[PDB]
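In what follows, a structure is listed as structure tokens, so that the remarks can point back to it.
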2 protein chains.
Amino acid sequence: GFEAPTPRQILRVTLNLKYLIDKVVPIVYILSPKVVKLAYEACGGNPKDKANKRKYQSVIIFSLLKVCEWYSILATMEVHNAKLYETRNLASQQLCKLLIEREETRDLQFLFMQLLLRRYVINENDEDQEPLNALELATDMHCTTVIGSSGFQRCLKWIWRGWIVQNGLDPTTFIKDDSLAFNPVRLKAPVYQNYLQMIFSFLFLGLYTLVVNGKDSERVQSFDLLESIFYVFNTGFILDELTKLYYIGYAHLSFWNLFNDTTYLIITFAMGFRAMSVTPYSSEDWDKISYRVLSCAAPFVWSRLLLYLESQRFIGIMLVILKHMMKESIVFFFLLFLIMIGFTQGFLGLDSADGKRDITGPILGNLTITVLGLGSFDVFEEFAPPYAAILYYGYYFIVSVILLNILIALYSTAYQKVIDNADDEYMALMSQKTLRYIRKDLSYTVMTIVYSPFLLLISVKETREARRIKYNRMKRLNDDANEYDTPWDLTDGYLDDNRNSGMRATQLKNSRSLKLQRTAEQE
Amino acid sequence: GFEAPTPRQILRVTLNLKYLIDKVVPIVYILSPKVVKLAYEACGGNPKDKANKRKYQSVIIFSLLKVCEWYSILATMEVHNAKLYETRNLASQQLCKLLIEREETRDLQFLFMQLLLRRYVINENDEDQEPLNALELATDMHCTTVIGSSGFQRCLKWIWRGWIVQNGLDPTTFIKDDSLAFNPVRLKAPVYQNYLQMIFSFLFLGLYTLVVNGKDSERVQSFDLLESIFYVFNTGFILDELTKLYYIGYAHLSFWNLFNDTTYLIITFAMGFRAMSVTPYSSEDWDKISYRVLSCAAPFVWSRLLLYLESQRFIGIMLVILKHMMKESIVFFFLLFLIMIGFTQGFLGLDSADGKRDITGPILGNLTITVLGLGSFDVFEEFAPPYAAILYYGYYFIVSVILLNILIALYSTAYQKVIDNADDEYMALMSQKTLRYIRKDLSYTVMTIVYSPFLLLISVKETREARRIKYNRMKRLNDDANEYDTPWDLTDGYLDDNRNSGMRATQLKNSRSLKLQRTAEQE
Ligand SMILES: CCCCCCCCCCCCCCCC(=O)O[C@H](COC(=O)CCC)COP(=O)(O)O[C@@H]1[C@H](O)[C@@H](OP(=O)(O)O)[C@@H](O)[C@H](O)[C@@H]1O
Ligand SMILES: CCCCCCCCCCCCCCCC(=O)O[C@H](COC(=O)CCC)COP(=O)(O)O[C@@H]1[C@H](O)[C@@H](OP(=O)(O)O)[C@@H](O)[C@H](O)[C@@H]1O
Ligand SMILES: [Ca+2]
Ligand SMILES: [Ca+2]
Ligand SMILES: [Ca+2]
Ligand SMILES: [Ca+2]
């Protein structure tokens, strides 16, 4: 395939596949090879021809994932009949997985470029939709049976390593690149963008902890080189995030984006106070309030690391678990806010009842404290003779006995649901990250000085990848075939390219000699 | 069907279906189309005739749900053989679901008016039973396989929107009404009764929080217009609830009814104290005690909102979860009351043992406090040399270590059981609400002033519904067929009626043109 069909043709392919799934899966419950042949025939084109059949069979995965999207819409609309459409959606996902795994054997470049990565357009209504591809489509709706395909994961691995890159000419194509052969655009790969963001997060943390522990004298400090590099890095981060915020408006509202914005916003306020102190009110007062508000950013700077270590399996599985647990705890937090607003209005009315509001601050404080179990009735002892005790102990009962134990229940159920699906949801997280990666002088000097051995290791590993790809292309293999040097295959791996062939010849000679050492040891 | 059979005939139809389910489902384990034909034949009537077959096939759903009722009674009586009758009850529910979904395709008005909504009478014993219909019957016994039918949910949607209304001539009929066409009786619909109760609950809350935060001076306040509107609304609510309490006696004992009665009772006491202060003992003392007891009603006024937002899915799912969790925690609360009564009798006997009861109040206080974890042994330090310590620490062990952790266990199990069945139990809750909705000058001025834009939005949405129903009746559709404008159907929705037909003609012209742009893109 080289030219894309029109959106109404892709709409017809989607309707033929939806009709096919409605006929083959009409019940809660299959995917025979005749059904797979029907799915291949549901697109259209002359069976006498080829590259006209492939032109419409290129949109097969995109159309099956839009069928999954439509069945999710159907389950949203017919809430009572959600199980039938969830069954149909799952059947579509399994058929899609079968198609991806079949075309992985048939032709790999056609699977990657045309089926999975090409951003097709579809006319769902009279409106024309944005160009999405099957990878982004399967990740947005969390098609875990599709994301856990061998071809899907291979495509994500090739994109991750930078082996497939977005075409600058057309942003819907994703041509391969030649890594067989110190290019700078190689550092634009998702592996190296991820690794450099990880190194820069650890470097940001190291510059942070060398600043907040910098205050030794009560006077204004020297404003060292590391403090300047630190505020330069943070003002770079806040201008990057505010350019993305102005450009991408109200879709930059991810939790991690707001978390980083809170981190950089706090450090910018600290920077401003420090700058005002350096060029002055009281200079030591501004320096003190600067280091205090900067020290408020230390949980954010140490919790930033989990975002930039999501590629590591331990941290990513942990954050998948935490995302599901907070998503379950939304119930507790709504009930806690409602009960807290109710009893807060009660106590503030008891405060206003005598005539003047005098202990409003201790009320807000102590009631907020009650969720931690640290609440004391000493504050309300001189308040109202039966009313404060009744309200406070009813509130403490509803929070500590009822709602916190409900929170433990929600967390237990959320963890039991997510620990079974931890690998699948982590694969969806890494897929989301991989597809996210395909959409002054002092700082540069510091970056060059600090990133040098990492660039060295990246370059030597890239040369090892290039020699591996050269070996895999010397044979008729798919550029990632010899990476592990496994025991069950006597002809695999890469020694460093004739030393590897000599090692394989040694392997087959020793194996064939020692098998034929006794003629009865056969079959 | 136009005339209802007698209760002994409906009893015979119920017995024939019970016999049929006993023959087809004799084991723990089916519902073949011959069984569905047998169920149609189990009612009776001449197969040569029609409207005499339909006269007795009208009670098929009511009779299958009484069969479900009888199998629930059987499982209550034969506790050992409860699994067989639960199987039979489930089989009856599935057969009933099949019948509802079949008659939804066959004839919709006959499904709604005659099968589901007509309140038939049955002679279970020599006594004659009340007129119940299949909707109310399936909700009282929680027939979730029947409530989650497409026809059941459609019938509930039509009742909810006011499209089917109870006949004033006969209260067992439920004739349709004509919405095709600013009627006041349109506001009597369950959608608008629900929405106006929601708006009035938020308005009650807004008037409440503008009163308890009204006290600024220690003297008696001005008795503003909002305070008078607030006490008028609350005395209207308490007279409404007491008329319902006198009329419906000891079946008005729902939790939410008692909760609202507690809210309105507290506000009435506050109203009485405020009224006595205004027309006087000490006036500022009565004003103070009025605002204190009114501020005691703030958790009730803020927790009232969950009742009037049950139609919203988030709040309704949350309250379904909370109902199941409290139903599980009944064990903990019984054991807690028993252990508390035991150790309370122990400490009060230790108080009486020296000769006089002097610290009884601190005993009741501290032991009640122990469940919150705030208990201190300082109160009992000067009490008895080994006895108070042994009793108090045994009590604190049984409450904090044993029983509160048991409460966490009960909550975990209750949430794990209800989160799987959250949609089904919420559908049963909304079904219960929908069937609940089919069983002075200053206040009117305030209501007219405050409900005006909501009445405006209701009227413009009603006109949109009327034009939609006019379009769906111009075709041979079922008055709710074009509501979503879906992508998989090229002929659906309502544009605002020739603009919609022009849009559909544009859709078919563009689709047929772009499909036939290449003749090979076919089939
Ligand atoms: C008062 C003093 C207290 C100070 C604070 C103390 C520190 C608190 C530590 C909090 C850490 C919690 C980690 C949980 C993260 C997670 O469990 O997930 C989040 C849910 O947690 C929540 O709500 C938590 C609500 C409270 C939701 O994550 P997300 O929706 O924002 O999606 C990302 C996006 O898509 C991309 O981020 P970026 O690349 O950077 O742009 C992806 O790279 C990334 O992989 C994610 O997918
Ligand atoms: C000391 C200071 C403390 C002050 C108080 C603090 C606030 C406490 C907040 C409590 C809110 C708890 C919400 C749970 C509601 C629920 O989870 O459910 C309840 C079980 O909770 C319970 O036992 C809780 C026992 C403690 C049972 O609900 P229900 O039996 O009463 O049935 C309704 C009927 O049928 C109709 O009410 P109305 O239309 O208004 O007439 C239907 O509309 C409605 O949908 C329901 O079905
Ligand atoms: Ca006060
Ligand atoms: Ca080997
Ligand atoms: Ca005593
Ligand atoms: Ca359409």
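Virtual Cβ from ideal backbone geometry, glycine too; neighbours counted across all protein chains shown. Read-outs: derived from the displayed coordinates by stated rules, not from any lab.
Spread over its residues, the convex hull of the C-alpha atoms of segment B:106-233 is 211 Å³ per residue. Size descriptors for chain A, from the alpha-carbon set: Rg then Dmax equal 30.3, 106 Å.
If you wrap segment B:389-438 in the convex hull of its Cα atoms and look at it from every side, the mean projected area works out to 5.1 nm².
Ellipsoid fit via the Cα gyration tensor, segment A:1-59: semi-axes of 23, 14, 7 Å, each the root of five times an eigenvalue, largest first. About its Cα centre, chain B has a charge dipole of approximately 2700 debye under the convention of +1 per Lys or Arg Cβ and -1 per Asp or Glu Cβ, with nothing else charged. Projected onto its three principal axes, the C-alpha set of segment A:141-213 covers 49, 35, 23 Å, listed from the longest axis down. The P(r) of segment A:1-134 has a tail past 25 Å containing 22 percent of all C-alpha pairs. Per-residue Karplus couplings for segment A:297-313, computed as 6.51 cos²θ - 1.76 cosθ + 1.60 with θ equal to phi - 60°, are listed in order as 8, 5, x, 5, 6, 7, 8, 4, 5, 5, 5, 8, 10, 4, 5, 6, 5 Hz, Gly and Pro entered as x. Over segment A:32-117, how many pairs of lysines fall under 17 Å by alpha carbon, counting only those 8 or more apart in sequence or from different chains? Value for segment A:32-117: 7. Mean projected area of the Cα convex hull of segment A:297-361, taken over all directions, amounts to 6.6 nm². Under a straight-distance cross-link criterion of Cα-Cα below 30 Å, which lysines are reachable from residue B:461, leaving out those fewer than 8 residues away in the same chain? Hits, sequence-local ones excluded: B:157, B:176, B:188, B:433, B:440, B:470, B:475.
Sorted ascending by nearby beta carbons within 10 Å, beginning with the fewest, A:173, A:209 become A:209, A:173. A Cβ-based charge dipole, computed about the Cα centre of the protein assembly as shown with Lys and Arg at +1 and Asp and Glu at -1, lands at about 5060 debye. Evaluating 6.51 cos²θ - 1.76 cosθ + 1.60 at θ = phi - 60° for every residue in segment B:100-107, the Karplus couplings come out as 5, 6, 6, 6, 5, 6, 5, 8 Hz, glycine and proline recorded as x. This ranking places A:514, A:65, A:169, B:38 by how few other beta-carbon atoms lie within 10 Å of each, fewest first, which gives A:169, A:514, B:38, A:65. Considering only Cα atoms, the convex hull volume of segment B:428-516 works out to 182 Å³ per residue.
Cα convex hull, segment A:54-121: 71 Å³ per residue, rounded to a whole number.
With the cut-off at under 15 Å, measuring from each backbone N in segment B:425-465 to a point 7 Å along the Cα-to-Cβ line of residue B:199 picks out B:444-463.
Counting only other chain Cβ atoms within 10 Å of each residue's Cβ, the peptide A:387-399 averages 3.
Amide H contacts of residue A:132: A:120, each under 5 Å away and 5 or more positions distant or on a separate chain (H built 1.01 Å from N in the peptide plane; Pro and chain starts excluded). Residues A:69, A:523, B:523, arranged from fewest to most other Cβ atoms within 10 angstrom of their Cβ, appear as A:523, B:523, A:69. Under 18 Å from a label point set 7 Å out along the Cα-to-Cβ vector of residue B:358, the amide N atoms of segment B:375-396 belong to B:378-389. Given in Å, the Rg to one decimal and the Dmax to the nearest whole number for the Cα atoms of the protein assembly as shown are 36.2, 118. Across segment B:295-403, Cα-Cα pairs more than 20 Å apart make up 55 percent of the total.
The mean number of partner chain beta-carbon atoms within 10 angstrom of a residue's beta-carbon across peptide A:116-128 is 2.
If you sort the three axes of the alpha carbon gyration tensor as a ≥ b ≥ c, you get a/c of 1.5 or more for segment A:216-354 and a/b no higher than b/c, which makes it oblate. Charge tally around residue B:212: other residues with Cβ under 11 Å, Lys/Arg +1 each, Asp/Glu -1 each, net 0.
Projecting the Cα atoms of B:6, B:105, B:63 onto the dipole axis of chain B, where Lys and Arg carry +1 and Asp and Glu carry -1 at the beta carbon, places B:105 farthest toward the positive end.
Computed over neighbours whose Cβ is under 9 Å from that of residue A:349, the net charge equals +1, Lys and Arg +1, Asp and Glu -1.
Take each residue in B:511-520, count the other chain C-beta atoms within 10 Å of its C-beta, and the mean is 5. Apply the a/c threshold of 1.5 to the C-alpha gyration tensor of segment A:88-146 and tell me whether it is rounded, prolate or oblate. Oblate, because a/c is 1.5 or more while a/b does not exceed b/c. For segment B:502-518, putting each phi into the Karplus relation 6.51 cos²θ - 1.76 cosθ + 1.60 with θ = phi - 60° gives couplings of x, 5, 5, 5, 5, 4, 5, 5, 5, 5, 5, 5, 6, 5, 7, 5, 10 Hz, in residue order, rounded to whole numbers and with x for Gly and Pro. Specify whether the C-alpha gyration tensor of segment A:452-494 places it in the rounded, prolate or oblate class, a ≥ b ≥ c being the square roots of the eigenvalues: rounded for a/c under 1.5, otherwise prolate if a/b is larger than b/c and oblate if not. Oblate shape, in that a/c is at least 1.5 and b/c is the bigger or equal ratio. The listed peptides A:147-154, B:105-112, ordered by packing as a protection proxy, come out as A:147-154, B:105-112 (highest mean of other Cβ atoms within 10 Å first). The share of Cα pairs per 10 Å bin across segment B:332-482, counted from zero up to the longest distance, runs 9, 20, 16, 12, 13, 14, 10, 5, 2, 0 percent. Taken along the Cα-to-beta-carbon direction at a fixed 7 Å, the label points for residue B:390 and residue A:282 span 6.2 nm. Translational diffusion of segment B:174-287 was estimated from the Stokes-Einstein equation, with Rh taken as the Kirkwood radius over Cα pairs; at 20 °C and 1.002 mPa s the coefficient is 127 µm²/s.
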